[PDB]
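The primary structure of each chain is shown beneath.
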There are 2 protein chains.
Amino acid sequence: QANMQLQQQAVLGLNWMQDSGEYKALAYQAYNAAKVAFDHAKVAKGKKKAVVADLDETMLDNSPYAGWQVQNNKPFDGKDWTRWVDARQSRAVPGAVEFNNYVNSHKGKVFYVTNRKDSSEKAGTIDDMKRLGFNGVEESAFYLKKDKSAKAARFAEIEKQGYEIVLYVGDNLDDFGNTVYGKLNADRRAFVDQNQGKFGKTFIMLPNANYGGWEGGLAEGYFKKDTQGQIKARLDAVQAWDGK
Amino acid sequence: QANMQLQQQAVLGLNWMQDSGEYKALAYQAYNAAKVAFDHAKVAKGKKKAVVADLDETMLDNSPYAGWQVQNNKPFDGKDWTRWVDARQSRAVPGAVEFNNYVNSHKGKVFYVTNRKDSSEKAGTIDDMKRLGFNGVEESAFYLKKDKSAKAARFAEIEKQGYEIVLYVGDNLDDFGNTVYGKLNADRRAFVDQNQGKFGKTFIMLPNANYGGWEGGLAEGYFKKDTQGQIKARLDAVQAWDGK
Ligand SMILES: [Mg+2]
Ligand SMILES: [Mg+2]
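Cut-offs applied
- Residues numbered from 1 in each chain as written, not as in the entry; some residues may be left out.
- Chains lettered and ligands numbered in written order.
- Heavy atoms only, no water.
- Residues with missing side-chain atoms left out of burial classes, pairs and counts.
- Helix = DSSP H or I, 4+ residues; strand = E, 2+ residues; numbered from the N terminus.
- Rg over C-alpha atoms; globule rule 2.2 N^0.38 Å.
- Contact = heavy atoms within 4.5 Å.
- Donors = N, O, S within 2.8 Å, 3.2 Å for Na, K, Ca; no water.
- Buried < 20%, exposed > 50% of the residue type's maximum accessible area, 1.4 Å probe, protein only.
- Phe/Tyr/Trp six-rings, centres within 6.5 Å; stacked < 30°, edge-to-face > 60°.
- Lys NZ or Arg CZ within 6 Å of the ring centre and 35° of its normal.
- Pairing = 2+ DSSP bridges.
- Axes fitted to C-alpha atoms, helices over the stretch in contact; angles between N-to-C directions.
- UniProt positions renumbered as here; feature names shortened; annotations may be inferred.
- Polar contact = N/O pair within 3.5 Å; in protein donor to acceptor, adjacent residues only side chain to side chain.
- Buried area = accessible area lost by both parts, 1.4 Å probe.
- Salt bridge = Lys/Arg side-chain N within 4 Å of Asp/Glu carboxyl O.
- Nonpolar A, V, L, I, M, F, W, Y, C, P; charged D, E, K, R; others polar.
- Parallel < 35°, antiparallel > 145°, perpendicular 65-115°, else oblique.

Looking at the method and resolution fields of the entry, one finds X-ray crystallography and 2.00 Å.

This is the structure we're talking about:
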């Protein structure tokens with residue numbers, strides 16, 4: 001089964017995210033930097049300070065779903081995902097709760113801009129965030145996915161309400177705007193070089209070695225490929241020393 | 001072959017580190033935070049400002065060696081590693097060169113505290129660092145491994161010369177001292193919680209989902225286990241949703 005080959009390729013990165021103190025230190029580092037950024041942020045007169053935050057693998061830890069995929073040789077499946085969301089077993093990314101609550105009690109507002117589905121995944125999402133200790137998880141704070149996965153228009157909606165976004169937190173570059181949405185990794189890397197100065201300042205990164213826009217970035221039409229085509233794209237992407 | 005199963009488990013994390021703009025953004029974020037830390041660092045009168053930096057997967061990118069392991073189903077092998085080092089094809093972790101040069105030209109000194117071998121890996125190391133553009137790669141800047149892998153005694157040696165280490169940069173928690181050297185991941189995670197405030201400040205983390213002290217941290221005597229025992233430890237470490 002090519003599906004076993006596909007999920008086994010995630011095992012080491014899953015181990016790292018789930019078990020290592022290194023992963024946790026990177027989460028703390030991101031949220032420590034995010035606090036400094038928020039403290040220093042200067043906002044135009046008339047505006048209120050907003051922080052925009054992605055959820056999955058930024059504030060919520062869905063690693064148990066990945067653990068289930070590995071154990072059962074399952075590729076991603078939207079219906080399996082909703083059952084996970086409704087299981088209400090999401091964990092918190094280290095640092096995230098304390099950061100969220102800090103912002104919200106110090107003249108800011110965190111907005112959750114997320115591609116969990118507004119229709120079917122809102123309830124489990126809000127339940128888990130309350131349980132995990134996030135302050136300000138009222139409906140109005142959430143900009144969940146409707147039709148589009150691209151996030152900029154939701155950022156814009158927030159700006160329409162007299163907020164100035166002072167920072168953006170995410171594990172995916174598409175959490176920072178639409179510049180490289182649906183683009184291959186060369187373009188995505190180019191965006192990062194162009195915006196080098198913003199990282200750890202206006203753009204706050206969380207680590208995610210398991211999935212994301214970088215995965216689709218491995219090859220043209222990657223997500224439309226079958227399991228074998230996806231494995232091939234992963235393997236063809238490998239940069240290797242010749243052994244000499 | 002269990003050895004194929006072992007290296008295939010690294011593929012996705014290797015793809016991430018090698019190809020994603022996200023990895024690069026995390027490297028920039030770490031080095032942007034490191035610059036802020038260095039700018040603000042206050043040192044006791046009489047002392048000179050030191051920065052201590054690990055090399056492999058902190059300032060030097062050895063991902064092509066990992067790419068060769070995957071392509072050839074090879075576990076880690078010290079002799080293969082030296083040939084890689086002597087190949088002189090090391091790449092630079094994004095941000096690292098600019099950070100190193102900044103410190104060294106602004107009343108600081110970067111010291112390279114590294115477990116590349118002093119005897120046999122020094123020459124290739126220095127060659128690659130000069131080629132990559134690191135300033136101050138004279139012999140005296142390097143504290144390469146002799147007998148011990150633990151790093152604290154080398155940090156102490158630096159402190160003996162009238163330096164105060166203002167920050168430490170690494171991809172491994174053992175790059176920050178000896179508190180959790182050779183310990184399992186629970187202890188390692190506990191260290192991170194105890195030192196939560198230092199991350200992105202005094203302790204600067206780089207991402208490494210491919211290998212490290214966290215790998216040995218998966219199980220008691222992990223590095224002494226055969227390939228099958230190591231795969232088992234990885235798999236047994238997986239935290240999984242029950243699917244309901
Ligand atoms: Mg996310
Ligand atoms: Mg290292």
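Undergrad: Got a minute to help me understand the overall build of chain A in this structure?
TA: Counting its secondary structure elements, chain A contains eleven helices and seven strands. The C-alpha radius of gyration of chain A comes to 18 Å, within 12% of the 18 Å expected for a compact globule of 244 residues. Projected onto its principal axes, the C-alpha positions of chain A cover 60 × 40 × 35 Å. Taking the contacts inside chain A whose residues are at least 6 apart along the sequence as the reference set, 74% of them involve residues at least 24 apart.

Undergrad: Whenever I open this one, the coordination of the magnesium ion (ligand 2) confuses me. Can you help?
TA: All names here are of chain B. In this structure, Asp 54 (OD), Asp 56 (O) and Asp 171 (OD) serve as the protein donors to the magnesium ion (ligand 2), at separations of 2.1 to 2.2 Å. Written as a sequence motif, the donor residues of the magnesium ion (ligand 2) are D-x1-D-x114-D. Placement of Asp 54 in the loop between strand 1 (48-53) and strand 2 (60-61) and of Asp 171 in the loop between strand 6 (163-170) and helix 9 (185-194) is noted, with a sequence separation of 117 residues between them. Residue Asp 54 is classed as buried on the basis of its relative accessible area of 7%.

Undergrad: Help me out: how do you make sense of the packing of aromatic side chains in this one?
TA: Enumeration over the complete set of coordinates arrives at 41 aromatic pairs over all chains. Ring geometry for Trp 68 of chain A against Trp 241 of chain B: centres 5.0 Å apart, planes inclined by 50°, an arrangement best described as tilted. Taken together, the positions of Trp 68 of chain A in helix 4 (residues 63-72) and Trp 241 of chain B in the segment after helix 11 (227-237) put the pair across two chains. According to the relative accessible area criterion, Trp 241 of chain B is buried, its value standing at 2%. Each ring, one from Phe 199 of chain A and one from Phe 203 of chain A, has its centre 5.8 Å from the other, and the planes form 55°; the classification is tilted. Per residue, the accessibility class of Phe 199 of chain A equals that of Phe 203 of chain A, and both read buried. Pairwise contacts between aromatic rings join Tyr 65, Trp 68, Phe 76, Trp 81 and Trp 84 of chain A together with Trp 241 of chain B into one cluster. Between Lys 49 of chain A and the ring centre of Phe 38 of chain A, over which it is positioned, the NZ or CZ distance is 4.2 Å. Seen from the ring of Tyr 102 of chain B, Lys 35 of chain B lies directly overhead, with NZ or CZ sitting 4.3 Å from the centre.

Undergrad: Teacher, can you tell me more about the coordination of the magnesium ion (ligand 1) here?
TA: Residues and elements named next belong to chain A. Binding of the magnesium ion (ligand 1) to the protein goes through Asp 54 (OD), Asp 56 (O) and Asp 171 (OD), at separations of 2.1 to 2.2 Å. Linear spacing of the donor residues for the magnesium ion (ligand 1) on their chain is D-x1-D-x114-D. The pair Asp 54 / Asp 56 is uniform in exposure class, with both members buried.

Undergrad: Can you help me understand the sheet that holds strand 6 (residues 163-170) of chain A in this one?
TA: Strand pairing in a sheet relies on backbone hydrogen bonds. The paired strands run either parallel or antiparallel. All names here are of chain A. With parallel pairing, the five strands of this open sheet are ordered in space as 5-4-1-6-7. Edge positions in the open sheet fall to strand 5 (142-145) and strand 7 (203-205), since each of these has one partner strand only. Strand-to-strand twist across the sheet, computed as the mean angle between neighbouring axes with direction ignored, equals 20°. Set on the sheet, helix 7 (residues 118-132) makes contact with strand 4 (108-117) and strand 5; between it and strand 4 the angle comes to about 135°.

Undergrad: What exactly am I supposed to notice about the UniProt feature "binding site: Mg(2+)" (unreviewed entry) in chain A here?
TA: Residue and element names in this part refer to chain A. Taking the UniProt record as the reference, the feature "binding site: Mg(2+)" (unreviewed entry) is found at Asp 54, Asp 56, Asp 171 and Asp 175. These annotated residues cover 122 residues of sequence, and their C-alpha atoms all fall within 10.8 Å of one another, placing them together at a single site. Those residues in contact with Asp 54 that lie beyond four places of it in its chain are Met 59, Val 113, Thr 114, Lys 151, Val 169, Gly 170, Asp 171 and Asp 175. One polar contact links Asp 54 to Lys 151, side chain to side chain, over a distance of 2.8 Å. Mapped onto the elements, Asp 56 comes out in the loop between strand 1 (48-53) and strand 2 (60-61). Setting aside chain neighbours within four positions, we find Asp 56 in contact with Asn 62, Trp 81, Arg 116, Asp 171 and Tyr 211. In this structure the side chain of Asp 56 is engaged in a polar contact, spanning 2.8 Å, whose partner is the side chain of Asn 62.

Undergrad: For this particular structure, what's the right way to read the sheet that holds strand 7 (residues 203-205) of chain B?
TA: Residues and elements named next belong to chain B. Here we have five strands laid out as an open sheet, ordered 5-4-1-6-7, and parallel in their pairing. Edge strands, defined here as strands with exactly one partner in the open sheet, are strand 5 (142-145) and strand 7. Geometrically, the sheet is characterised by an average inter-axis angle of 20° between neighbouring strands, direction not taken into account. Summarising the sheet, strand 1 and strand 4 (residues 108-117) pair through five bridges and their orientation is parallel.

Undergrad: What exactly am I supposed to notice about the interface of chain A and chain B here?
TA: Size of an interface: often given as the accessible area lost when the parts come together. With 70 residues of chain A in contact, the opposing surface of chain B contributes 70 residues. When chain A packs against chain B, the two sides together hide about 6,300 Å² of surface, and 59% of this comes from carbon and sulfur. Counting the contacts that link chain A with chain B gives six salt bridges. The shortest N-O distance in the salt bridge between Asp 19 of chain A and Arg 189 of chain B comes to 3.0 Å. Our enumeration of links across chain A and chain B arrives at 38 residue pairs in polar contact. Counting residues per element, the side of chain A that touches chain B draws most heavily on helix 3 (residues 21-40) of chain A, which supplies ten residues. Residue composition of the side of chain A that touches chain B, grouped by class: 31 nonpolar, 24 polar and 15 charged.

Undergrad: For this particular structure, what's the right way to read unusual backbone geometry?
TA: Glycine aside, negative phi is the norm for most residues, and most peptide bonds take the trans geometry. In this structure, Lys 107 of chain A takes a positive phi of about 65° despite not being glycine. Structurally, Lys 107 of chain A can be placed in the loop between helix 6 (96-104) and strand 4. Within the chain, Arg 88 of chain B stands out as a residue other than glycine whose phi angle is a positive 55°. With respect to the helices and strands, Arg 88 of chain B occurs in the loop between helix 5 (78-87) and strand 3 (91-92).

Undergrad: Can you walk me through the environment of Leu 55 of chain B in this structure?
TA: Residue and element names in this part refer to chain B. Along the chain, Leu 55 falls in the loop between strand 1 and strand 2. For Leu 55 and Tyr 112, which are 57 residues apart along the polypeptide, the C-alpha to C-alpha distance reads 6.6 Å. Not counting the four nearest positions on each side in its chain, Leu 55 is found in contact with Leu 60, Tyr 112, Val 113, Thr 114, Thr 125, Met 129 and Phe 142.

Undergrad: Explain the packing of helix 3 (residues 21-40) of chain B against helix 6 (residues 96-104) of chain B here, please?
TA: A pair of packed helices can be characterised by two numbers: the angle between their axes and the separation between those axes. Residues and elements named next belong to chain B. Direction vectors running N to C along helix 3 and helix 6 enclose 10°, while the axes themselves pass 9 Å from each other. By the criterion of interaxial angle, the relationship of helix 3 to helix 6 is roughly parallel. Residues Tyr 28, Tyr 31, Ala 34, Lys 35, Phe 38 and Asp 39 of helix 3 lie in contact with helix 6, whose contacting residues are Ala 96, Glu 98, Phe 99, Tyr 102 and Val 103. Looking at the contact of helix 3 with helix 6, its residues break down into eight nonpolar, no polar and three charged.

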